[PDB]
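Examination of the molecular architecture
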Amino acid sequence: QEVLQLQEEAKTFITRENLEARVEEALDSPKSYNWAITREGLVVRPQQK
Amino acid sequence: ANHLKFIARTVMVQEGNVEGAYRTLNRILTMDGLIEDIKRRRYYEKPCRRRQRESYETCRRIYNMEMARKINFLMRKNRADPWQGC
Amino acid sequence: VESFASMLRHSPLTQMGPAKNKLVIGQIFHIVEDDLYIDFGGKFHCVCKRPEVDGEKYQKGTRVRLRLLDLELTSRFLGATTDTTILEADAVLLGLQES
Amino acid sequence: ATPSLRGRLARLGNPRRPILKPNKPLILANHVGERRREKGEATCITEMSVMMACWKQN
Amino acid sequence: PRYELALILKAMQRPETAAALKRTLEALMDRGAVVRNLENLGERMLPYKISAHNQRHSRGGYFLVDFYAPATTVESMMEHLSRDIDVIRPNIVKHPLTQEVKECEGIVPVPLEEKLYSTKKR
Amino acid sequence: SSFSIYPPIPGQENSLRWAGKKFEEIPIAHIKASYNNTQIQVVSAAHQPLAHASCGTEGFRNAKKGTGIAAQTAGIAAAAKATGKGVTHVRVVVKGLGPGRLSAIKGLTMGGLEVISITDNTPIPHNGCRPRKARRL
Amino acid sequence: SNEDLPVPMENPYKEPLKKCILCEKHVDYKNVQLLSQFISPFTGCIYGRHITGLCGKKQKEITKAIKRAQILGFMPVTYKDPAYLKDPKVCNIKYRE
RNA sequence: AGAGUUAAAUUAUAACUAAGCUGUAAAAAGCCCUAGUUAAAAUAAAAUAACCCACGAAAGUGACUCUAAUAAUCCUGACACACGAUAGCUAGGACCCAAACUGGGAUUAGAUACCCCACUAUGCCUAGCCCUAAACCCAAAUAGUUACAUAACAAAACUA
Ligand SMILES: [Mg+2]
Ligand SMILES: [Mg+2]
Ligand SMILES: [Mg+2]
Ligand SMILES: [Mg+2]
Ligand SMILES: [Mg+2]
Ligand SMILES: [Mg+2]
Ligand SMILES: [Mg+2]
Ligand SMILES: [Mg+2]
Ligand SMILES: [Mg+2]
Ligand SMILES: [Mg+2]
Ligand SMILES: [Mg+2]
Ligand SMILES: [Mg+2]
Ligand SMILES: [Mg+2]
Ligand SMILES: [Mg+2]
Ligand SMILES: [Mg+2]
Ligand SMILES: [Mg+2]
Ligand SMILES: [Mg+2]
Ligand SMILES: [Mg+2]
Ligand SMILES: [Mg+2]
Ligand SMILES: [Zn+2]
């Protein structure tokens, strides 16, 4: 399973060709790692702003 | 020093009463131990001496904590006694 | 003849399971000013305060509805060999025996 | 919640090294202590100083 | 994913940023790395003022680079990012997705400790 | 009435003024309250010093300038010299833990000056230099 | 041959164990929001268990994540970042009374 | 153990502003090439978390990152082997701050002390020595039991 999984993920890695495209791609798409918790044990996410 | 100024340990006074704002500040600092820390850093305190303090404090806290717990548990039974002059 | 085990197994006090949050029926056998001494039938009486609503309806002999928290209030404290008993039970007085 | 007592005191059974060395044994006593009377500080000092300024001036 | 590169870049325009990211990743692939992904956490005001390369910096762009690399090479990449004047501050952490979460089964309550003292009657 | 204890961040649209100025434009009253003496300096938002008054400047001498009274007197003085140069409102920054802390603050108010925010910036090392040894060996 | 005698089973009634707000969440130095919850707004101190109320495991994860963030330059050290002031308040401390 | 890094302080150093600053139970001496604010490398030390109790054989270890890594299919065992807090020694480098010594100031009958100010060896890094501590949890290692059973106190009593 691990080898197959990595076999899949490898399609997506950054290479000498993808460099130009991928970089310009990532410069377009900001991501957040941010989220908060509630006293209940619940996750709260910011993107609803 | 490299942080932005005025965002920290800052209280804004309300309706111009300053004594109250200051009280609030002092409570903030007491609560976070900043006051005890400031006071304790005036002189140095050698490591063994500090070890001893921490241990004494924790003992003290355990005892006060537990005594308090027994007070609040026993508290019901302070009511007027039913059986008087039995 | 009924073996003790047989009795214990079917008793209402065994039926209850854990006594936390159980609705129960209890009866007031003693009063000091606001203090109602309620026997709900287990072991120790509990003691609750006379409510504000219909205060005079609570009299020695009355029956009331209780929410049982603890069957006996007991704890161990720092340095003690055994627990300490308050010799009381913990209950919340709900209302009186709606009937 | 009370701080943990497990492993803390130095005992024949305890594997590790002491955390607390209690000065006197941790056993709840049967009485509490008597409340400490408040240390006094001077009173009216502000009004005094204001009056003293008023005098020095006039 | 094996290592995580936390890049804080000097805040600049589009092309120059893109350039810095490109040359950075290239350096990574030359120290023998395999780059999995490139993430952009945006540009913000830095939490405090950061002094690097005779500049005192206020804002910065944030990026993550997940990559696999031979253990030997972290020192090398580190050296490299050190002397790049476009990097505000570099760091390389073991990728947080390698460590897996064990299960808090819950909080085991700790009973008060007993028999700390003998049965002496005072 | 919603009143936040927390100050108004610079990047925020937040509208509060005191005599038409933003929270940032208001002068700063620095107060260093140290065990033998208290010093006060009122300064521009842009950090040009407006006024300076200390317990020493106020003509107390060695031990007396430790006390609260002294501190208050320095406060009043500072505030006078300040209002001369036309500062109505001021944000207090209290540096140090001393006998003169509170006193110099409410001396700033007594002396006809208005305190909006009161900040404590006391050096708290996160363990830099080792302080001098304890008294009475 | 008495059928009414008790059976040596484990306690059926026994409650589940209470959980840290985070049991099986993932604390990551990269999100300063979650972290900045367990800080004092005025000082920047990290709160204790007796405030945050965490499994020792998580209190530890939180501490380490905080310090990591603070030095990698994600999160400010001396004050809670003002943005996150109005997020939900998990901790038990009361300053203003 | 290596290598890399730094938030809070602190300081060289300028820029304004003020005449004082420092210092005590109280003073004096010291400094005014000082003080407050604004800027700042190096050095050293590692708030809070920790009301936690983990790692290491012990001594010890609690800023961050990465690399290497925590003997034994696990009985006891030296004078043999390898380590071992602080202080101290040798050589080279560092020096913020602390500080034996010493010099000033008080105190006192005296004060070769306690208190105040300066400053040094030293505390740091590299390399080598030195092998000592109330190195004490004053409780040997490994398996066990809670039976019999109170000198006293303390951290209950015991078997192999
Ligand atoms: Mg061990
Ligand atoms: Mg003793
Ligand atoms: Mg001695
Ligand atoms: Mg710094
Ligand atoms: Mg130098
Ligand atoms: Mg003189
Ligand atoms: Mg630290
Ligand atoms: Mg082993
Ligand atoms: Mg052996
Ligand atoms: Mg040695
Ligand atoms: Mg040495
Ligand atoms: Mg030398
Ligand atoms: Mg020296
Ligand atoms: Mg000195
Ligand atoms: Mg002398
Ligand atoms: Mg070395
Ligand atoms: Mg030792
Ligand atoms: Mg011995
Ligand atoms: Mg042996
Ligand atoms: Zn948990």
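Residues numbered from 1 in each chain as written, not as in the entry; some residues may be left out. Chains lettered and ligands numbered in written order. Part of a larger assembly, values for the part shown. Heavy atoms only, no water.

The deposited coordinates derive from cryo-EM, with the record listing a resolution of 3.1 Å.

Worth spelling out the cut-off: UniProt positions are given in the numbering used here, feature names are shortened, and annotations may be inferred rather than shown by experiment.
Under Subcellular location (unreviewed entry), UniProt gives the following word-for-word description of chain G: "Mitochondrion". Under Sequence similarities (unreviewed entry), UniProt gives the following word-for-word description of chain G: "Belongs to the bacterial ribosomal protein bS18 family."

Under the PDB entry, the name given to chain B is Mitochondrial ribosomal protein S21, and the source organism is Sus scrofa. We quote the UniProt Sequence similarities (unreviewed entry) comment for chain B here in full: "Belongs to the bacterial ribosomal protein bS21 family."

**Details of the packing of aromatic side chains**
Worth spelling out the cut-off: Centres within 6.5 Å are what make two rings of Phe, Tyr or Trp a pair, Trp counting through its six-membered ring; a difference in plane orientation under 30 degrees is then read as stacked, over 60 as edge-to-face, and the rest as tilted. Runs of H or I in DSSP of at least four residues are treated as helices and runs of E of at least two as strands, each being numbered from the N terminus. Only protein chains enter the area calculation, which uses a 1.4 Å probe; residues under 20% of their type maximum are buried, those over 50% are exposed, and those in between are partly exposed.
Counted by the stated rule, this structure contains eleven aromatic pairs over all chains. Centre to centre, the rings of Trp83 of chain B and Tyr37 of chain C are 6.2 Å apart; their planes meet at 65 degrees, and the pair counts as edge-to-face. Linking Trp83 of chain B in the segment after helix 3 (47-74) with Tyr37 of chain C in strand 2 (residues 35-39), this pair reaches from one chain into another. Its relative accessible area of 3% is what places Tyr37 of chain C among the buried residues.

**Some points on the protein's contact with RNA strand H**
Operational definition: If a single non-hydrogen atom of a residue is within 4 Å of a molecule or strand, that residue counts as near it. Within 3.5 Å is the distance limit for a polar contact, defined as a pair of N or O atoms, with the added protein rule that one can donate a hydrogen and the other accept it, and that residues adjacent in sequence qualify only through two side-chain atoms.
Residues in contact with RNA strand H amount to 80 residues; listed here are only the nearest, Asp37 of chain B, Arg8 of chain D, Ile124 of chain F together with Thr63 and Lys67 of chain G. For RNA strand H, the fraction of atoms within 4 Å of the protein that belong to sugar or phosphate moieties is 70%. The separation between a phosphate oxygen of RNA strand H and a polar side-chain atom of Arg89 of chain E is 2.7 Å. In this structure, a phosphate oxygen belonging to RNA strand H sits 2.6 Å away from a side-chain N or O atom of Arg49 of chain G.

**Brief notes about the sheet that holds strand 4 (residues 87-94) of chain E**
Sheets are built from strands paired through backbone hydrogen bonds, the pairs being either parallel or antiparallel. Residues and elements named next belong to chain E. We apply this condition: DSSP calls a pair of strands paired once it identifies at least 2 bridges connecting them. Under this scheme, a helix contributes an axis fitted over its contacting stretch, all axes are lines through C-alpha atoms, and angles between N-to-C directions fall in the 0 to 180 degree range.
In space, the four strands of this open sheet follow the order 2-3-1-4, with antiparallel pairing throughout. The sheet is open, and its two borders are formed by strand 2 (34-52) and strand 4, each paired with just one other strand. For this sheet, the mean angle separating the axes of adjacent strands, direction not counted, is 20 degrees. Bridging between strand 1 (residues 3-9) and strand 4 involves seven bridges; their strand directions are antiparallel. Its bridge partner lying in strand 4, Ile8 is registered against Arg89.

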